[PDB]
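Visitor: A single structure is presented below for examination.
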């Protein structure tokens, strides 16, 4: 059989770039969170909300490419 | 067959690069937003407003590509 | 002719690079914008103007790549 | 057959890109953690709590990707 | 088979890479410009003159490569 | 057969990416360790404790990668 | 024939790589120049002199790479 | 035969990636070392000790990869 | 046919990578150099003296790869 | 001969990555060294000493690279 | 290159060279140092107690 | 190629090497040697004053 | 002699092996298969350089005068103090073995890397005719076995100390509860620390090896490819620059060894 | 706790041991916990919060100065 393996490769491109962009994107954001915490510990629970709130936007596109990656991996065989 | 298969690779590439672009841009912008927040906690709402007003732009071209990903996966398949 | 779905790849690449470039460039610019705003929270109008003034040039080139990608996808392939 | 050996290539790409993402993310986050601790050396444990939180968050997609990579390596 | 699809892809590489270059370069330069402006609200015009001068030296290789991608498409393809 | 030449390259790619990620992700962390040290050497032992404690985490995915690379390149050959 | 349809890919990649190099390199350089101007605007024209001294040096390689990219697209084909 | 065509690419990729990673990481570290020294000479030796501590962790995976590159290029190729 | 063209692809990669490296390295060094002037402008000549030594060391391995690209293009044809 | 054609690309990838790494690392390191010298210009020689002491570590994997690249391009080829 | 029994042949010469240097070079060349440091201390304790 | 020519070409490089090293690499290290010699001699002289 | 440069550069890669199976010399054209084929050429320079180390050391250590040290003795106890200062900085404990081990590592490896500096066909052109040998590669370190021999000779010590100074107790603790600190995560901790420990020595061996293999490689290429009258205008930069490589790459060996062991115990 | 001193050119405004303080720095707001690594900055006019040991919070007004 011939057709299948090449599509699994296409899933690697989907999820490999999603891991990179998602991990390093938040990593930057996670840096400024901790730095802010160090300058004002008594705001650490306040800022914690603002970290997540923006983090939701960070992984928006990575989440799309995640959902499709497992679709192209599993569902489309 | 191959006309069916390879367009999924050609979509996956767009989806991965859109992942990286959007994640990185929003991560950097959110990082500076958090850093402003920790230093000017009383202005948090104003900077929140400006953060949305500007994020609206970074997220435009990536979401062009994101929808084109579903197009080429399905609109032609 | 097995070449139809290959132009789709050229559009995919060109527009993925468009997404990357635009997202990252304007993310950096918006970061510095917010960082200026946090100092001069009264001068948000002036900076928020100049931001558009220069953002209009940052993404100039990627916009063209998006247009040409659509051209290739639809008006050619 | 050609069907078997390419999948190792796909898995290799998943593993490599997940490694890049996880390593760079944790490196940046740890660097800011270290300097933040050098600033407030008596709050180390609280900052380590809030560090582990986002360290978990950042390895979400890289651990998903490693999962699928080991899948393709052994689940087929 | 090895003519058109093989040309559009080269034009795509050219213009995509020029997009990345222009986007990120002018992003950095504009970020520094906004930083200086927020520091010195009096020097906006002098600073923006300097900005445009140097931006002329950022943009004028992307102009080359983008025009050349068009030449590939409209004067070969 | 051409199994083994491709198997060789797959390990080479995965482990090259592992090497880049680990090198840079540790370099950044060590650079911050050194600039934290130089401002007050008397905290060198505590911060070195923290440095190893953290770096053992960064070296999680690259170690998995090297393990699989050696397995493929020798066990599967 | 492939032997000369594909050259446009080589020229494409060669000067596409040179596009980001020359653009980003000067974007990095112009930035420090702009913030120097904003702190000590008294120095500007002398700063601008120093800027140019090497402004061309950054374009040492990208230009020759640009030429050899053209030579092929216009003298080899 | 066909083996020797691939083997050297399967090596060069490994070694070029290891080179990128090692050089970039070691530079990122050495910069923070140097500018720290220039603050406080007679802290030079202690900082150099700690820099040689930290450099040993950077060069680990890149050097594993270089060893395997030399294995492939001479135990196989 | 393939014999004669692949060397042009090889030269394209070989010199494009070198152009990127040289441009980025020299840009960063020159940026820090310029920020040296902006702070202690009477020190221009001494910083200039050091800059060119360091700048040549940045261009030491970038220029040998460019030369070998030239050799491949014109010695091997 | 087939060996020679495939090899004259395998060497190109190696030396291009070597150039990028060995340029960017030394650029970062030289930039920090320059700011150091500027801060306290009576220290230039000691700074150059420690600079070279680190430059060697940076350009080790990049030099290992160049050697194998040339070996391939002229000993096996 | 190829791994060889040389890996084990050299482990001998290594581990033994370490001992035939440790047992007869290192403590001696540190003795020549410490025995001079003990003397460098005495002149200073002299000078200070003599001022006193 | 004739190996004789490569051997002579190597010898040229090796002499050009040594003649640089003998005015750039030997002087500084013997200057370190001389610095430590002098700095031992001074700590001897110090004790010889202290025994006054 | 029809020495094409493609083949001259090839021969230098060969080793003077002994087919201990036949107590014979393994010819370059056919390489016998076995693990029992000593590379005599490097191995012998191993003992040779350890001797030029130990004899010049004992010939002061057993003869040490604490007066104004001779202009010769000066350098030897100079390096002695340098080493001891570094060791005292990065090691604090009681174990006597660490400092002499570090000294031997440092100077022995410095010399092993040094012997690359002589023109690389000198001894191989002499030994062919004065002795009747096929090959002789001078640099002991440019073969993996010796470099990994020393890496494993320090891994031996790592195990010795890691079990001694903290018994089974702390050794097993760190091997079970790190990094993730929870008992359910012991399965996570195990493999990670496994190859973490196992990589540290191997990366040492390869850090020492590859640098020198590709050091020699550059000399072979220049010595073979280019015409006599110009091999100097390249061998000059490369050699004087490799001076720094040999120095750093031995000093780094010492530092990393000391750091591995001191970290294990304390 | 750590020892806090608020002194003007003319007189001593506060002294004694403290658990934490929050100050408005020139760059941004700040907060100092015990063991905080050495720092030097200007401060803007405005309040400063002290928690005297055992949680007794109080607000002092400062016209400027240097921390």
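Using ideal geometry, Cβ is built from the backbone for each residue, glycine included, and neighbour counts are taken over all protein chains shown. Values in this text are rule-based calculations from the coordinates and carry no lab data.
Visitor: Return the residues of region E:47-62 that are surrounded by 14 or more Cβ atoms within 10 Å (Cβ to Cβ) and without any contact (Cβ under 8 Å) to a residue 24 or more places away in the chain; say none if nothing qualifies.
Guide: Answer for region E:47-62, where residues must be surrounded by 14 or more Cβ atoms within 10 Å (Cβ to Cβ) and without any contact (Cβ under 8 Å) to a residue 24 or more places away in the chain: E:47, E:48, E:50, E:51, E:57.
Visitor: I've got another one for you. Within region M:192-215, can you find the residues that are touching a residue at least 40 places away in the same chain (Cβ under 8 Å) and more than 14 Å from the chain's Cα centre (by Cα)?
Guide: The answer is M:200, and nothing else.
Visitor: Of everything in region C:16-30, what is within 7 Å of chain E (Cβ to nearest Cβ) and closer than 21 Å to residue B:36 by Cα? Give them in sequence order.
Guide: C:24, C:25, C:26, C:28, C:29
Visitor: From M:76, M:80, M:9, which residue is within 25 Å of residue M:215 (Cα to Cα) and either touching a helix residue (DSSP H, G or I) at 6+ places or on another chain (Cβ under 8 Å) or assigned to a loop (DSSP other than H, G, I, E, B) (or both)?
Guide: M:9
Visitor: Picking from I:36, I:69, I:21, I:25, which residue would you name as being surrounded by 24 or more Cβ atoms within 10 Å (Cβ to Cβ) and farther than 30 Å from residue J:8 by Cβ?
Guide: Being surrounded by 24 or more Cβ atoms within 10 Å (Cβ to Cβ) and farther than 30 Å from residue J:8 by Cβ holds for just one of I:36, I:69, I:21, I:25, which is I:36.
Visitor: Count, please, the residues in region N:13-64 that happen to be within 14 Å of another protein chain (Cβ to nearest Cβ) and not in a strand (DSSP E or B).
Guide: Selection size over region N:13-64: 17.
Visitor: Could you tell me which of the residues M:186, M:156, M:168 is in a helix (DSSP H, G or I), within 19 Å of the chain's Cα centre (by Cα) and surrounded by fewer than 17 Cβ atoms within 10 Å (Cβ to Cβ)?
Guide: The match here is M:156.
Visitor: Sort out which residues of chain K are within 14 Å of chain L (Cβ to nearest Cβ), more than 27 Å from the chain's Cα centre (by Cα) and surrounded by 13 or more Cβ atoms within 10 Å (Cβ to Cβ), and write them in order of number.
Guide: Across chain K, the qualifying residues are K:46, K:47.
Visitor: Of all residues in region M:81-97, count the ones that are more than 10 Å from every other protein chain (Cβ to nearest Cβ) and crowded, with 20+ Cβ neighbours inside 10 Å.
Guide: Of the residues in region M:81-97, 1 are more than 10 Å from every other protein chain (Cβ to nearest Cβ) and crowded, with 20+ Cβ neighbours inside 10 Å.
Visitor: Moving on to the next point. State all residues of region M:1-12 that are surrounded by 15 or more Cβ atoms within 10 Å (Cβ to Cβ) and either touching a residue at least 40 places away in the same chain (Cβ under 8 Å) or over 12 Å from residue M:220 (Cβ atoms) (or both); if no residue qualifies, say none.
Guide: M:5, M:8, M:9, M:12
Visitor: Next up: Hey, does region M:217-233 have a residue that's without any contact (Cβ under 8 Å) to a residue 12 or more places away in the chain, within 30 Å of residue L:23 (Cβ to Cβ) and out of contact with any helix residue (DSSP H, G or I) (no Cβ under 8 Å at 6 or more places or on another chain)?
Guide: There is at least one residue in region M:217-233 that is without any contact (Cβ under 8 Å) to a residue 12 or more places away in the chain, within 30 Å of residue L:23 (Cβ to Cβ) and out of contact with any helix residue (DSSP H, G or I) (no Cβ under 8 Å at 6 or more places or on another chain).
Visitor: When residues of region C:39-77 are filtered for being more than 19 Å from residue E:47 (Cβ to Cβ) and assigned to a helix (DSSP H, G or I), how many remain?
Guide: Within region C:39-77, residues that are more than 19 Å from residue E:47 (Cβ to Cβ) and assigned to a helix (DSSP H, G or I) number 17.
Visitor: Please go through region M:38-73 and give me each residue that is over 20 Å from the mean Cα position of the chain (by Cα) and in a loop (DSSP other than H, G, I, E, B), ordered by number.
Guide: Once the filter is applied, which keeps residues that are over 20 Å from the mean Cα position of the chain (by Cα) and in a loop (DSSP other than H, G, I, E, B), region M:38-73 yields M:62, M:63, M:64, M:65, M:66, M:67, M:68, M:69, M:70.
Visitor: Specify which of the listed residues (M:56, M:103) is within 11 Å of chain K (Cβ to nearest Cβ) and surrounded by fewer than 20 Cβ atoms within 10 Å (Cβ to Cβ).
Guide: On inspection, the qualifying residue turns out to be M:56.
Visitor: Condition (residue is more than 8 Å from chain C (Cβ to nearest Cβ), touching a helix residue (DSSP H, G or I) at 6+ places or on another chain (Cβ under 7 Å), free of Cβ contacts under 8 Å to residues at least 40 places away in the same chain and not in a helix (DSSP H, G or I)) applied to region E:2-15: is it met by at least one residue?
Guide: Yes.
Visitor: Next question, about the same structure. Is it fair to say residue J:44 is facing chain I (nearest Cβ under 7 Å), surrounded by fewer than 24 Cβ atoms within 10 Å (Cβ to Cβ) and in contact with a helix residue (DSSP H, G or I) (Cβ under 8 Å, 6 or more places away or on another chain)?
Guide: Taking the combined requirement at face value, the residue satisfies it.
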